[PDB]
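Here you get one chain, nothing else, as structure tokens; it is the form solved without the partner chain.
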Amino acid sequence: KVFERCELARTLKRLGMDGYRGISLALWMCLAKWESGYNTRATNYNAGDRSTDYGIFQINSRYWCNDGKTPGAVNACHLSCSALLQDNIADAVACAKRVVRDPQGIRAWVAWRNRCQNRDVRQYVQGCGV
């Protein structure tokens, strides 16, 4: 499913993402936009290390979810990577939260550092009723 901006904002707020571990909604919105353009079926194969980024938050298979074909991978959110390609994002969200519980937090995503860190992200949730 490819989400509309404000539609995604309320969906994330409902799932308890607003301020989760100090992370505001705008930042989470910024992450999803840049990670997948709000597309839950977004996929990215990384031939260099043979892992895959799945879904709306582009969660890597080598550490967070199991797809069975990634060499020497782990499954930290204890989920099939397939759960991250669902139109319903409750499972992606449970995993996105697991990720930020680690020390780096939301910085675990390098693209977040590139396009969201120390940026004006108000625009992402302006007009969304959140």
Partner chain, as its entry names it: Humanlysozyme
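Positions refer to the first chain, counted from 1.
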property	result
76-84 set against 44-52, stretch whose average Cα temperature factor tops the other in the entry	44-52
Mean C-alpha B-factor comparison - 15-23 and 113-121, higher one	113-121
Third assignment of residue 33 from its chain's C-alpha B-factors	middle
CA B-factor placement of residue 64, once the chain's modelled residues are sorted into thirds	middle
